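Pasting structure-v6.cif here (mmCIF, C-alpha atoms and all ligand atoms):
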data_protein
loop_
_atom_site.label_atom_id
_atom_site.label_comp_id
_atom_site.auth_asym_id
_atom_site.auth_seq_id
_atom_site.Cartn_x
_atom_site.Cartn_y
_atom_site.Cartn_z
CA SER O 1 13.01 11.77 -10.33
CA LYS O 2 11.11 13.16 -13.38
CA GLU O 3 7.57 12.01 -14.37
CA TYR O 4 7.80 9.03 -11.99
CA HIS O 5 5.51 11.05 -9.77
CA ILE O 6 7.95 11.03 -6.88
CA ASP O 7 7.55 13.68 -4.26
CA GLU O 8 10.75 15.04 -2.89
CA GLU O 9 8.85 15.23 0.51
CA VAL O 10 6.43 12.27 0.86
CA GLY O 11 7.94 10.19 -1.95
CA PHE O 12 5.57 7.57 -3.37
CA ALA O 13 2.73 8.95 -1.26
CA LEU O 14 0.19 11.32 -2.90
CA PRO O 15 0.81 14.97 -1.96
CA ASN O 16 -2.10 16.74 -0.27
CA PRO O 17 -4.82 14.35 -1.47
CA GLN O 18 -8.14 15.77 -2.45
CA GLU O 19 -10.37 15.90 0.62
CA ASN O 20 -13.61 16.39 -1.36
CA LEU O 21 -15.05 15.40 -4.73
CA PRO O 22 -16.96 17.35 -7.41
CA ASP O 23 -20.57 18.01 -6.50
CA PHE O 24 -21.61 15.89 -9.49
CA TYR O 25 -20.82 12.86 -7.25
CA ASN O 26 -22.22 13.55 -3.75
CA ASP O 27 -24.12 10.23 -3.07
CA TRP O 28 -20.84 8.40 -3.43
CA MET O 29 -19.07 10.58 -0.93
CA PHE O 30 -22.00 10.39 1.56
CA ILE O 31 -21.82 6.61 1.85
CA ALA O 32 -18.00 6.79 1.96
CA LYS O 33 -18.12 9.30 4.89
CA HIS O 34 -20.74 7.37 7.04
CA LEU O 35 -19.70 3.71 6.35
CA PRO O 36 -19.57 2.65 10.07
CA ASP O 37 -22.96 4.11 11.02
CA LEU O 38 -24.42 2.47 7.83
CA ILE O 39 -22.84 -0.99 7.73
CA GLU O 40 -23.81 -1.42 11.37
CA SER O 41 -27.38 -0.20 10.93
CA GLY O 42 -27.80 -2.67 7.96
CA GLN O 43 -29.13 -0.08 5.51
CA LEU O 44 -25.73 -0.08 3.69
CA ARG O 45 -26.47 -3.17 1.61
CA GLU O 46 -29.75 -1.47 1.04
CA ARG O 47 -28.45 2.06 0.26
CA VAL O 48 -25.90 0.84 -2.33
CA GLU O 49 -28.33 -1.06 -4.53
CA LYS O 50 -30.23 2.31 -4.84
CA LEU O 51 -27.66 4.25 -6.86
CA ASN O 52 -27.39 5.16 -10.57
CA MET O 53 -24.64 4.65 -13.19
CA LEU O 54 -22.59 7.86 -12.97
CA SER O 55 -19.93 8.55 -15.61
CA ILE O 56 -16.25 9.33 -15.23
CA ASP O 57 -16.25 12.10 -17.90
CA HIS O 58 -16.54 14.80 -15.18
CA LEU O 59 -13.40 13.79 -13.20
CA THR O 60 -10.58 15.98 -14.58
CA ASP O 61 -7.37 16.41 -12.54
CA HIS O 62 -5.49 13.47 -11.04
CA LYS O 63 -6.27 13.69 -7.31
CA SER O 64 -9.96 13.60 -8.22
CA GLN O 65 -9.76 10.33 -10.17
CA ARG O 66 -7.64 8.94 -7.31
CA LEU O 67 -9.80 9.97 -4.32
CA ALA O 68 -12.71 8.77 -6.51
CA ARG O 69 -10.98 5.33 -6.68
CA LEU O 70 -10.57 5.44 -2.86
CA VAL O 71 -14.32 6.15 -2.35
CA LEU O 72 -15.58 3.54 -4.84
CA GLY O 73 -12.85 1.29 -3.38
CA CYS O 74 -13.91 1.00 0.27
CA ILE O 75 -17.64 1.06 -0.64
CA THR O 76 -16.96 -2.15 -2.61
CA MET O 77 -15.31 -3.58 0.55
CA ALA O 78 -18.35 -2.75 2.69
CA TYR O 79 -20.77 -4.12 0.13
CA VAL O 80 -18.86 -7.36 -0.43
CA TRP O 81 -17.77 -7.99 3.18
CA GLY O 82 -20.92 -6.64 4.80
CA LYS O 83 -20.77 -6.25 8.60
CA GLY O 84 -17.60 -8.32 8.24
CA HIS O 85 -18.94 -11.57 9.62
CA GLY O 86 -19.52 -13.92 6.68
CA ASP O 87 -22.65 -12.80 4.76
CA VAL O 88 -20.68 -12.14 1.59
CA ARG O 89 -21.92 -10.39 -1.51
CA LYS O 90 -20.69 -12.14 -4.66
CA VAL O 91 -22.22 -9.56 -7.03
CA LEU O 92 -21.31 -5.91 -7.24
CA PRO O 93 -24.36 -4.02 -8.73
CA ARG O 94 -24.35 -3.06 -12.46
CA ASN O 95 -24.31 0.52 -11.44
CA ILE O 96 -21.42 0.80 -8.93
CA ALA O 97 -19.29 -1.89 -10.70
CA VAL O 98 -19.20 0.07 -14.02
CA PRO O 99 -17.91 3.58 -13.05
CA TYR O 100 -15.52 1.80 -10.62
CA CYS O 101 -14.02 -0.38 -13.40
CA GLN O 102 -13.86 2.56 -15.84
CA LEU O 103 -12.17 4.79 -13.24
CA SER O 104 -9.81 1.93 -12.52
CA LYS O 105 -8.88 0.99 -16.13
CA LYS O 106 -8.39 4.72 -16.71
CA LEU O 107 -5.48 4.57 -14.23
CA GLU O 108 -4.14 1.12 -15.44
CA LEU O 109 -5.13 -0.42 -12.15
CA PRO O 110 -7.43 -3.17 -10.93
CA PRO O 111 -11.05 -2.65 -9.63
CA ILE O 112 -10.33 -3.16 -5.96
CA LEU O 113 -8.83 -1.21 -3.15
CA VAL O 114 -5.04 -1.05 -2.95
CA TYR O 115 -2.11 0.31 -0.97
CA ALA O 116 -1.86 3.50 -2.97
CA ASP O 117 -5.62 3.99 -2.58
CA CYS O 118 -6.02 3.62 1.17
CA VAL O 119 -2.65 4.69 2.62
CA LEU O 120 -1.09 6.86 -0.07
CA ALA O 121 -4.27 8.85 -0.93
CA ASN O 122 -6.45 8.42 2.25
CA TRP O 123 -4.78 11.19 4.35
CA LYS O 124 -4.84 14.85 5.30
CA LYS O 125 -2.76 17.12 7.50
CA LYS O 126 -4.90 18.49 10.31
CA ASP O 127 -3.08 21.83 10.09
CA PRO O 128 -1.55 22.37 6.53
CA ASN O 129 1.08 24.57 8.15
CA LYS O 130 2.50 22.29 10.88
CA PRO O 131 4.38 19.06 10.07
CA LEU O 132 3.36 15.55 8.95
CA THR O 133 3.03 13.52 12.18
CA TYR O 134 0.35 11.36 13.73
CA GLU O 135 -0.86 14.20 15.93
CA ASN O 136 -1.27 16.51 12.91
CA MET O 137 -2.75 14.09 10.41
CA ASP O 138 -5.96 12.13 10.01
CA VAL O 139 -7.32 9.57 7.58
CA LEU O 140 -10.20 10.44 5.26
CA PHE O 141 -12.05 7.12 5.53
CA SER O 142 -12.63 4.03 7.76
CA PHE O 143 -14.80 0.89 7.81
CA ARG O 144 -16.23 0.51 11.27
CA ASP O 145 -15.85 2.50 14.39
CA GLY O 146 -12.94 1.31 16.51
CA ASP O 147 -11.09 -0.44 13.66
CA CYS O 148 -8.01 1.87 14.19
CA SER O 149 -7.50 2.45 10.38
CA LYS O 150 -6.20 5.74 11.72
CA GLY O 151 -3.36 3.80 13.38
CA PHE O 152 -2.92 1.38 10.44
CA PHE O 153 -2.86 3.71 7.44
CA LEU O 154 -1.30 6.58 9.37
CA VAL O 155 1.56 4.64 10.91
CA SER O 156 1.99 2.67 7.67
CA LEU O 157 1.90 5.97 5.77
CA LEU O 158 4.42 7.61 8.10
CA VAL O 159 6.96 4.95 7.28
CA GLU O 160 6.73 5.11 3.47
CA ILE O 161 7.58 8.80 4.11
CA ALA O 162 10.71 7.91 6.13
CA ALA O 163 11.85 5.79 3.16
CA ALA O 164 11.36 8.81 0.79
CA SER O 165 14.33 10.55 2.43
CA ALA O 166 16.37 7.90 0.59
CA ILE O 167 14.55 8.01 -2.75
CA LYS O 168 16.00 11.33 -3.75
CA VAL O 169 19.37 9.62 -3.09
CA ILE O 170 19.00 6.90 -5.74
CA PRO O 171 19.64 9.42 -8.52
CA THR O 172 23.09 10.20 -7.11
CA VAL O 173 24.10 6.58 -6.29
CA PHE O 174 24.15 5.40 -9.89
CA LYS O 175 25.76 8.75 -10.80
CA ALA O 176 28.75 8.08 -8.53
CA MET O 177 28.99 4.51 -9.93
CA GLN O 178 29.11 5.65 -13.55
CA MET O 179 31.41 8.68 -13.15
CA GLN O 180 33.28 6.38 -10.72
CA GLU O 181 33.60 8.37 -7.55
CA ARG O 182 34.34 5.96 -4.79
CA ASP O 183 33.88 8.70 -2.13
CA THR O 184 30.59 10.24 -3.32
CA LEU O 185 28.88 6.83 -3.53
CA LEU O 186 29.90 5.57 -0.03
CA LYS O 187 27.93 8.57 1.26
CA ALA O 188 24.78 7.89 -0.72
CA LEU O 189 24.67 4.33 0.64
CA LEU O 190 25.01 5.64 4.20
CA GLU O 191 22.29 8.24 3.79
CA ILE O 192 20.20 5.46 2.17
CA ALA O 193 20.97 3.33 5.19
CA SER O 194 20.45 6.18 7.64
CA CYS O 195 16.78 6.62 6.60
CA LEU O 196 15.57 3.02 7.07
CA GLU O 197 17.42 2.92 10.39
CA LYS O 198 14.85 5.59 11.33
CA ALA O 199 11.76 4.38 9.53
CA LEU O 200 12.04 1.82 12.31
CA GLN O 201 11.31 4.21 15.23
CA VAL O 202 8.34 5.21 13.09
CA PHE O 203 6.96 1.66 13.37
CA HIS O 204 6.96 1.99 17.17
CA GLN O 205 3.86 4.18 17.36
CA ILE O 206 1.93 1.16 16.00
CA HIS O 207 1.85 0.04 19.63
CA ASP O 208 0.38 3.38 20.79
CA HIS O 209 -2.30 3.64 18.05
CA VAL O 210 -3.51 0.06 17.23
CA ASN O 211 -4.96 -2.86 19.15
CA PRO O 212 -4.15 -6.58 18.36
CA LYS O 213 -7.77 -7.71 18.57
CA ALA O 214 -9.15 -4.79 16.54
CA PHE O 215 -6.71 -5.25 13.68
CA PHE O 216 -7.05 -9.09 13.32
CA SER O 217 -10.86 -9.18 13.70
CA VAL O 218 -12.09 -5.84 12.30
CA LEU O 219 -9.68 -4.23 9.72
CA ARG O 220 -8.27 -7.29 7.94
CA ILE O 221 -11.74 -8.58 7.02
CA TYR O 222 -12.52 -5.49 4.97
CA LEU O 223 -9.05 -5.43 3.35
CA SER O 224 -9.35 -8.98 1.96
CA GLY O 225 -9.92 -9.54 -1.73
CA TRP O 226 -11.33 -12.33 -3.87
CA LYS O 227 -8.20 -14.18 -4.96
CA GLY O 228 -7.80 -17.60 -3.38
CA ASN O 229 -10.13 -16.42 -0.66
CA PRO O 230 -12.58 -19.29 -0.10
CA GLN O 231 -15.64 -17.11 0.79
CA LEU O 232 -15.55 -16.17 -2.95
CA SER O 233 -13.60 -19.08 -4.44
CA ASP O 234 -14.60 -17.94 -7.97
CA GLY O 235 -14.05 -14.22 -7.53
CA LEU O 236 -16.55 -11.40 -7.67
CA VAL O 237 -19.00 -10.57 -10.44
CA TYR O 238 -18.57 -7.05 -11.82
CA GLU O 239 -22.05 -6.38 -13.17
CA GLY O 240 -22.42 -5.25 -16.74
CA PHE O 241 -18.63 -5.21 -16.98
CA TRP O 242 -17.49 -8.84 -16.73
CA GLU O 243 -20.18 -11.48 -16.92
CA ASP O 244 -17.45 -13.72 -15.56
CA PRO O 245 -16.38 -13.33 -11.92
CA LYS O 246 -12.99 -11.76 -11.54
CA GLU O 247 -10.43 -12.74 -8.91
CA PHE O 248 -8.18 -9.97 -7.54
CA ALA O 249 -5.81 -9.67 -4.64
CA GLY O 250 -6.68 -8.30 -1.29
CA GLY O 251 -4.78 -5.17 -0.33
CA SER O 252 -1.26 -5.65 0.93
CA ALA O 253 1.72 -3.52 1.56
CA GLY O 254 3.14 -5.95 -1.00
CA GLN O 255 2.00 -3.17 -3.28
CA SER O 256 4.36 -0.56 -1.83
CA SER O 257 6.94 0.93 -4.12
CA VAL O 258 9.58 1.84 -1.52
CA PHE O 259 10.83 -1.48 -0.11
CA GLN O 260 10.25 -3.06 -3.54
CA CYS O 261 12.50 -0.38 -5.04
CA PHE O 262 15.14 -0.85 -2.27
CA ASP O 263 15.28 -4.55 -2.95
CA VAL O 264 15.71 -3.63 -6.61
CA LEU O 265 18.46 -1.09 -5.85
CA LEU O 266 20.34 -3.17 -3.21
CA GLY O 267 20.70 -5.98 -5.76
CA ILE O 268 18.39 -8.19 -3.67
CA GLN O 269 16.35 -10.26 -6.15
CA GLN O 270 13.03 -10.73 -4.29
CA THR O 271 11.14 -11.00 -7.58
CA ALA O 272 13.39 -13.80 -8.99
CA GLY O 273 12.83 -17.24 -7.50
CA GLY O 274 9.64 -18.82 -8.72
CA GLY O 275 8.82 -19.36 -5.04
CA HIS O 276 5.44 -18.33 -3.67
CA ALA O 277 7.01 -15.36 -1.92
CA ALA O 278 8.60 -14.05 -5.12
CA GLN O 279 5.70 -14.93 -7.45
CA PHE O 280 3.39 -12.72 -5.31
CA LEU O 281 5.43 -9.49 -5.08
CA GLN O 282 5.77 -9.78 -8.87
CA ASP O 283 1.94 -10.06 -9.24
CA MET O 284 1.56 -7.07 -6.86
CA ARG O 285 3.47 -4.87 -9.28
CA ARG O 286 0.22 -4.91 -11.20
CA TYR O 287 -1.77 -3.50 -8.14
CA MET O 288 0.57 -0.44 -8.08
CA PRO O 289 0.13 2.76 -10.22
CA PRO O 290 1.78 2.90 -13.63
CA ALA O 291 4.30 5.68 -12.84
CA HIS O 292 5.44 3.77 -9.76
CA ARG O 293 5.73 0.68 -11.90
CA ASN O 294 7.92 2.27 -14.59
CA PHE O 295 10.37 3.45 -11.88
CA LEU O 296 10.98 -0.05 -10.48
CA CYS O 297 11.29 -0.83 -14.12
CA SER O 298 14.07 1.71 -14.78
CA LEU O 299 15.79 0.65 -11.58
CA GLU O 300 16.02 -3.02 -12.60
CA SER O 301 17.48 -1.64 -15.87
CA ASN O 302 20.33 -0.42 -13.83
CA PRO O 303 23.72 -2.04 -13.17
CA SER O 304 23.61 -3.99 -9.91
CA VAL O 305 25.04 -1.75 -7.20
CA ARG O 306 25.78 -5.02 -5.41
CA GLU O 307 28.13 -6.28 -8.08
CA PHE O 308 29.98 -2.99 -8.37
CA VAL O 309 30.64 -3.19 -4.59
CA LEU O 310 31.72 -6.79 -4.55
CA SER O 311 34.38 -6.13 -7.20
CA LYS O 312 36.00 -3.03 -5.72
CA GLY O 313 37.01 -4.99 -2.63
CA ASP O 314 36.79 -1.70 -0.79
CA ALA O 315 35.93 -2.49 2.83
CA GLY O 316 34.36 0.96 3.01
CA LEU O 317 31.55 0.32 0.49
CA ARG O 318 31.58 -3.34 1.53
CA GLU O 319 30.52 -1.97 4.96
CA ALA O 320 28.19 0.88 3.78
CA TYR O 321 26.20 -1.44 1.48
CA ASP O 322 25.88 -3.95 4.32
CA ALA O 323 24.49 -1.08 6.45
CA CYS O 324 21.53 -0.89 3.99
CA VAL O 325 20.87 -4.56 3.92
CA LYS O 326 21.36 -4.61 7.72
CA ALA O 327 18.72 -1.85 7.83
CA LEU O 328 16.20 -3.84 5.75
CA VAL O 329 16.53 -7.05 7.76
CA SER O 330 16.26 -4.97 10.92
CA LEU O 331 12.80 -3.74 9.74
CA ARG O 332 11.39 -7.07 8.56
CA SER O 333 12.53 -8.58 11.88
CA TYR O 334 10.22 -5.97 13.51
CA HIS O 335 7.51 -6.56 10.96
CA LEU O 336 7.51 -10.15 12.14
CA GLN O 337 7.39 -9.11 15.81
CA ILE O 338 4.25 -7.11 15.06
CA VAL O 339 2.61 -9.87 13.02
CA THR O 340 2.97 -12.22 16.01
CA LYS O 341 1.35 -9.62 18.37
CA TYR O 342 -1.27 -8.57 15.79
CA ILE O 343 -2.20 -11.76 13.80
CA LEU O 344 -0.88 -14.95 15.48
CA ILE O 345 -1.55 -14.46 19.21
CA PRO O 346 -5.14 -13.20 18.48
CA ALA O 347 -5.89 -15.95 15.87
CA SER O 348 -5.43 -18.37 18.83
CA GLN O 349 -8.29 -16.72 20.83
CA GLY O 350 -4.90 -18.39 6.64
CA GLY O 351 -2.17 -18.23 9.31
CA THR O 352 1.42 -19.65 9.38
CA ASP O 353 1.69 -19.62 5.52
CA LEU O 354 1.71 -15.81 5.97
CA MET O 355 4.76 -15.92 8.25
CA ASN O 356 6.69 -18.38 6.10
CA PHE O 357 6.25 -15.86 3.30
CA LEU O 358 7.46 -13.03 5.60
CA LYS O 359 10.46 -15.16 6.63
CA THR O 360 11.19 -16.42 3.09
CA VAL O 361 11.64 -12.67 2.57
CA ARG O 362 13.63 -11.71 5.65
CA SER O 363 16.03 -14.49 4.56
CA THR O 364 16.59 -13.59 0.90
CA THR O 365 17.53 -10.14 2.21
CA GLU O 366 20.12 -11.56 4.69
CA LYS O 367 21.81 -13.71 1.97
CA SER O 368 22.94 -10.56 0.20
CA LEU O 369 25.16 -9.34 2.99
CA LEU O 370 28.77 -9.58 1.89
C1 LIG L 1 -0.50 -4.36 12.62
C2 LIG L 1 0.23 -3.98 11.56
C3 LIG L 1 0.67 -4.93 10.41
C4 LIG L 1 0.34 -6.20 10.11
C5 LIG L 1 -0.67 -7.19 10.76
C6 LIG L 1 1.06 -6.61 8.94
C7 LIG L 1 0.93 -7.85 8.34
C8 LIG L 1 1.43 -8.20 7.11
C9 LIG L 1 1.19 -9.43 6.37
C10 LIG L 1 0.34 -10.67 6.77
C11 LIG L 1 1.85 -9.31 5.24
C12 LIG L 1 1.89 -10.37 4.17
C13 LIG L 1 1.07 -9.83 3.03
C14 LIG L 1 -0.34 -10.10 3.44
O1 LIG L 1 -0.61 -11.25 3.94
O2 LIG L 1 -1.18 -9.17 3.22
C15 LIG L 1 2.55 -8.07 5.17
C16 LIG L 1 3.37 -7.64 4.16
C17 LIG L 1 3.99 -6.42 4.17
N1 LIG L 1 3.90 -5.46 5.15
FE1 LIG L 1 2.98 -5.65 6.82
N2 LIG L 1 1.87 -5.57 8.55
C18 LIG L 1 1.65 -4.53 9.44
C19 LIG L 1 2.24 -3.30 9.45
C20 LIG L 1 3.05 -2.88 8.43
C21 LIG L 1 3.68 -1.59 8.32
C22 LIG L 1 3.54 -0.49 9.40
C23 LIG L 1 4.42 -1.59 7.20
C24 LIG L 1 5.29 -0.49 6.55
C25 LIG L 1 4.94 0.81 6.60
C26 LIG L 1 4.25 -2.86 6.57
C27 LIG L 1 4.83 -3.20 5.39
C28 LIG L 1 4.65 -4.38 4.74
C29 LIG L 1 5.24 -4.68 3.48
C30 LIG L 1 6.15 -3.69 2.72
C31 LIG L 1 4.86 -5.90 3.14
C32 LIG L 1 5.27 -6.64 1.85
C33 LIG L 1 6.82 -6.77 1.71
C34 LIG L 1 7.30 -8.06 2.32
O3 LIG L 1 6.61 -9.13 2.16
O4 LIG L 1 8.37 -7.96 3.00
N3 LIG L 1 3.42 -3.64 7.34
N4 LIG L 1 2.29 -7.40 6.34
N1 LIG L 2 -2.29 -6.48 4.11
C1 LIG L 2 -1.85 -5.12 4.31
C2 LIG L 2 -2.64 -4.12 3.79
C3 LIG L 2 -2.24 -2.80 3.98
BR1 LIG L 2 -3.23 -1.34 3.28
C4 LIG L 2 -1.08 -2.44 4.65
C5 LIG L 2 -0.28 -3.46 5.18
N2 LIG L 2 0.86 -3.39 5.88
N3 LIG L 2 1.21 -4.68 6.17
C6 LIG L 2 0.32 -5.52 5.66
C7 LIG L 2 -0.67 -4.76 5.00
#

So, in terms of C-alpha cells, how does the structure I just supplied come out?
Ligand code: HEM
Ligand SMILES: Nc1cc(Br)cc2[nH]ncc12
Amino acid sequence: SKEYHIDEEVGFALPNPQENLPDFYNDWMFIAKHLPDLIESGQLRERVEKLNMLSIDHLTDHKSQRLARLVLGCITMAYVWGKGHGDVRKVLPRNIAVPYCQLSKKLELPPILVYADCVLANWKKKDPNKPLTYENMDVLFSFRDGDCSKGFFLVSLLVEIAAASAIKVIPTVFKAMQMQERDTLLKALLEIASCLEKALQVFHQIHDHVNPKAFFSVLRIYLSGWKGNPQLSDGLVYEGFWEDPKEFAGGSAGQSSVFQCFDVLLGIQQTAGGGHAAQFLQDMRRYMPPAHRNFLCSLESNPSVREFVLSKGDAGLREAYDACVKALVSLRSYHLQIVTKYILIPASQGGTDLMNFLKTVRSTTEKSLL
C-alpha cells in the first residue's frame, strides 16, 4: 500500500509518534503536559488567554505537524469545555485559534481534535525494543486525572492495530479476483476474517483499564464538539480566522479508517442510505487525514468482492466471505455491550439515538451475509 501512508505494522496508526516538539513552541507543550493540574486549579482559562500568535513555518517533518495538531487539539478542548461542567467558552482566542487553523488546513483537516489526533498519534512504547501492548505503551496526553484516556485511547489504539494485520491482505484479494485464482482468494478472506476474530479479545482489556462512571462523566465531555451540541448551538468562534462561528463534529471512532475500509471491501454499503447512520460516517470521512481518505476512495473504485462471490456459487468463498461479515457483526455486538455498560447504565445515575445509530449499523452489516 504505496503513499496511502499505511504501516505494514500498525496500519492506519502513526508509527512512533513524535514525543516532543521543537523548542520554538514550548509554552504550547507545557499546557498540553499539565492539563489536569491546570484545568482543576482554574488558571487554565487564565493561562491560555496569555499566549502569542506563533507561526507554523518552523514545523517541518510530518510527525511534528501532527503532534502539534494533537497539542493544539486537546488545549482547545480544555479551553472550550473548561472543568467539564457547563461553563463553556464560545470563543477561542485570536492567538491560539489562528496557528491551530493554519496547522489544520495545512493537513486538509478540520480545526478540532479527531481520532487520528488522539488515538493514532497520542502514543508511545514504554520500551522501544519490547512489543506494542498495554503494559509497554502509554499515552502522551490526558484531560483530567482519573479519566482513563490511557484505557480509552490505548485499548482503542490496540484494536486498530489488530485490524492492520488484514490491511496488507487487501492488495492480494483483488489480485486473486482479477487473475482469477479461486484458491488464493479464499485464503485472503480467511486471513482477513482471522484478524477481526482477534481484534475482539483486544476489546476485552477495556474492562481491566476503564471505569463506566469515569468514561461517561469525565472523558466524553472533553471529546464533544460543537455540531448539534446545544451548549454551543451556533458553533465556536475561531478568532481572527472565521468571524462566523464554525460547527464541527466531536471526535468519534466514526473517523477510523479500518472498519470503514472493511465495510468498503466487504461490499457492505454503510455510506449509501441517506439515513442518519450513513449520512454521518460519510461526513466523518472529512475528519480523517487525506491519505487515509484517498485509500477508501481507491477501494470503492474496486469491483465489489461481494458480487464476485455471489456469482461463483462456490460454497467455499460463500463461507469465507461470510466469516468476515460474521467477524464484523461479532465486534459491533460487543461494541453495543460496552456502550450499555459505559454510557446507558451510568446515564441513569443525547442517549438512545446513539444506540439506534449503532444498531442501524450492526444490521446493515448482517444483511450482507449470503
Ligand atoms: C468505553 C468505550 C467505548 C464507548 C463508550 C464507545 C461508544 C461509541 C459511540 C456512542 C459511538 C457512536 C459515535 C459517537 O456517538 O461518538 C461509537 C462509534 C464507534 N466506535 Fe465506539 N465506543 C467505545 C469503544 C470503542 C473501541 C474500543 C472501538 C474500536 C477500537 C470503537 C470503535 C468505534 C467505531 C469504529 C465507531 C464508528 C463505526 C460504527 O458506527 O460502527 N469504540 N462508539
Ligand atoms: N466518540 C469516540 C471517540 C473516540 Br477518540 C473513540 C471512540 N471509540 N468509540 C467511540 C469513540

Just want the 8 Å neighbourhood of residue 113 of chain O, counted on all atoms listed in the file, with same-chain residues fewer than 3 positions away dropped. Output as a PDB file with C-alpha atoms, in the frame of the given file.
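This is the output file around.pdb:
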ATOM      1  CA  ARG O  69     -10.980   5.330  -6.680  1.00  0.00           C
ATOM      2  CA  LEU O  70     -10.570   5.440  -2.860  1.00  0.00           C
ATOM      3  CA  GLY O  73     -12.850   1.290  -3.380  1.00  0.00           C
ATOM      4  CA  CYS O  74     -13.910   1.000   0.270  1.00  0.00           C
ATOM      5  CA  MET O  77     -15.310  -3.580   0.550  1.00  0.00           C
ATOM      6  CA  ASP O 117      -5.620   3.990  -2.580  1.00  0.00           C
ATOM      7  CA  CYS O 118      -6.020   3.620   1.170  1.00  0.00           C
ATOM      8  CA  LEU O 223      -9.050  -5.430   3.350  1.00  0.00           C
ATOM      9  CA  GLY O 250      -6.680  -8.300  -1.290  1.00  0.00           C
ATOM     10  CA  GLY O 251      -4.780  -5.170  -0.330  1.00  0.00           C
TER      11      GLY O 251
END

Extract, using all atoms listed in the file, all DNA, RNA and protein residues at most 12 Å from residue 138 of chain O, discarding same-chain residues fewer than 6 positions from it, and format them as JSON, numbers by chain. {"O": [16, 17, 19, 119, 121, 122, 123, 124, 125, 126, 127, 128, 132, 148, 149, 150, 151, 152, 153, 154, 155, 157, 158]}

Please tell me which residues are no farther than 10 Å from (12.8, -13.0, 5.0) in the file, counting only C-alpha atoms, and write them as an mmCIF file with C-alpha atoms, in the coordinates of the input.
data_model
loop_
_atom_site.group_PDB
_atom_site.id
_atom_site.type_symbol
_atom_site.label_atom_id
_atom_site.label_comp_id
_atom_site.auth_asym_id
_atom_site.auth_seq_id
_atom_site.Cartn_x
_atom_site.Cartn_y
_atom_site.Cartn_z
ATOM 1 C CA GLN O 270 13.030 -10.730 -4.290
ATOM 2 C CA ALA O 277 7.010 -15.360 -1.920
ATOM 3 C CA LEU O 328 16.200 -3.840 5.750
ATOM 4 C CA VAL O 329 16.530 -7.050 7.760
ATOM 5 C CA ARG O 332 11.390 -7.070 8.560
ATOM 6 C CA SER O 333 12.530 -8.580 11.880
ATOM 7 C CA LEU O 336 7.510 -10.150 12.140
ATOM 8 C CA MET O 355 4.760 -15.920 8.250
ATOM 9 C CA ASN O 356 6.690 -18.380 6.100
ATOM 10 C CA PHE O 357 6.250 -15.860 3.300
ATOM 11 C CA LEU O 358 7.460 -13.030 5.600
ATOM 12 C CA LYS O 359 10.460 -15.160 6.630
ATOM 13 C CA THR O 360 11.190 -16.420 3.090
ATOM 14 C CA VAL O 361 11.640 -12.670 2.570
ATOM 15 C CA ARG O 362 13.630 -11.710 5.650
ATOM 16 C CA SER O 363 16.030 -14.490 4.560
ATOM 17 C CA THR O 364 16.590 -13.590 0.900
ATOM 18 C CA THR O 365 17.530 -10.140 2.210
ATOM 19 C CA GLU O 366 20.120 -11.560 4.690
ATOM 20 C CA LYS O 367 21.810 -13.710 1.970
#

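Considering only C-alpha atoms and all ligand atoms, the residue among O:340, O:172, O:165, O:18 positioned nearest to ligand LIG 1 (chain L) is O:340.
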
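Comparing the minimum interatomic distances between ligand LIG 2 (chain L) and each of O:29, O:264, O:221, O:72, counting all atoms listed in the file, we find that O:221 sits nearest.
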
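Take atom CA of residue 310 of chain O and atom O4 of ligand LIG 1 (chain L): the distance between them is 24.6 Å.
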
Would you write out, as JSON lines, a table of all residues in segment 107-146 of chain O that have an atom no more than 7 Å from an atom of segment 287-294 of chain O, listing for each the closest atom pair and the distance in Å to one decimal, considering only C-alpha atoms and ordering rows by chain and rising residue number?
{"residue": "O:108", "atom": "CA", "partner": "O:290", "partner_atom": "CA", "distance": 6.4}
{"residue": "O:109", "atom": "CA", "partner": "O:287", "partner_atom": "CA", "distance": 6.1}
{"residue": "O:110", "atom": "CA", "partner": "O:287", "partner_atom": "CA", "distance": 6.3}
{"residue": "O:114", "atom": "CA", "partner": "O:287", "partner_atom": "CA", "distance": 6.6}
{"residue": "O:116", "atom": "CA", "partner": "O:288", "partner_atom": "CA", "distance": 6.9}

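One finds atom CA of residue 15 of chain O at 27.7 Å from atom CA of residue 98 of chain O.
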
Please extract the residues at most 6 Å from ligand LIG 2 (chain L), counting all atoms listed in the file, and provide them as a PDB file with C-alpha atoms, keeping the file's coordinate frame, using the chain letters and residue numbers of this document.
ATOM      1  CA  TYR O 115      -2.110   0.310  -0.970  1.00  0.00           C
ATOM      2  CA  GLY O 251      -4.780  -5.170  -0.330  1.00  0.00           C
ATOM      3  CA  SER O 252      -1.260  -5.650   0.930  1.00  0.00           C
ATOM      4  CA  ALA O 253       1.720  -3.520   1.560  1.00  0.00           C
TER       5      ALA O 253
END

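Residues surrounding segment 52-58 of chain O within 9 Å are residues 22, 24, 25, 65, 94, 95, 96, 97, 98, 99, 100, 102 and 103 of chain O [all atoms listed in the file; sequence separation below 4 positions excluded].
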
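Each of O:254, O:36, O:275, O:267 was compared to residue 325 of chain O using all atoms listed in the file, and O:267 turns out to be the nearest.
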
Residues near residue 87 of chain O, anyone? I mean within 12 Å using all atoms listed in the file, not counting same-chain ones fewer than 4 positions away, as a CSV table (one decimal) with C-alpha atoms, keeping the file's coordinate frame.
chain,number,residue,atom,x,y,z
O,42,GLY,CA,-27.8,-2.7,8.0
O,45,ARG,CA,-26.5,-3.2,1.6
O,78,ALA,CA,-18.4,-2.8,2.7
O,79,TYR,CA,-20.8,-4.1,0.1
O,80,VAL,CA,-18.9,-7.4,-0.4
O,81,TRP,CA,-17.8,-8.0,3.2
O,82,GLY,CA,-20.9,-6.6,4.8
O,83,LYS,CA,-20.8,-6.2,8.6
O,221,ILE,CA,-11.7,-8.6,7.0
O,231,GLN,CA,-15.6,-17.1,0.8
O,232,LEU,CA,-15.6,-16.2,-3.0

Env of residue 262 of chain O: 10 Å cut, atoms = all atoms listed in the file, seq-sep filter 3 positions within chain, self excluded. Answer as a VMD selection string. chain O and resid 163 166 to 167 170 192 257 to 259 265 to 268 296 299 324 to 325 328

Box time for segment 230-238 of chain O: axis-aligned, enclosing all its listed atoms, 6 Å extra on each side; report centre and edge lengths in Å to one decimal, as lines of an AutoDock Vina configuration file.
center_x = -15.8
center_y = -13.2
center_z = -5.5
size_x = 18.4
size_y = 24.2
size_z = 24.6
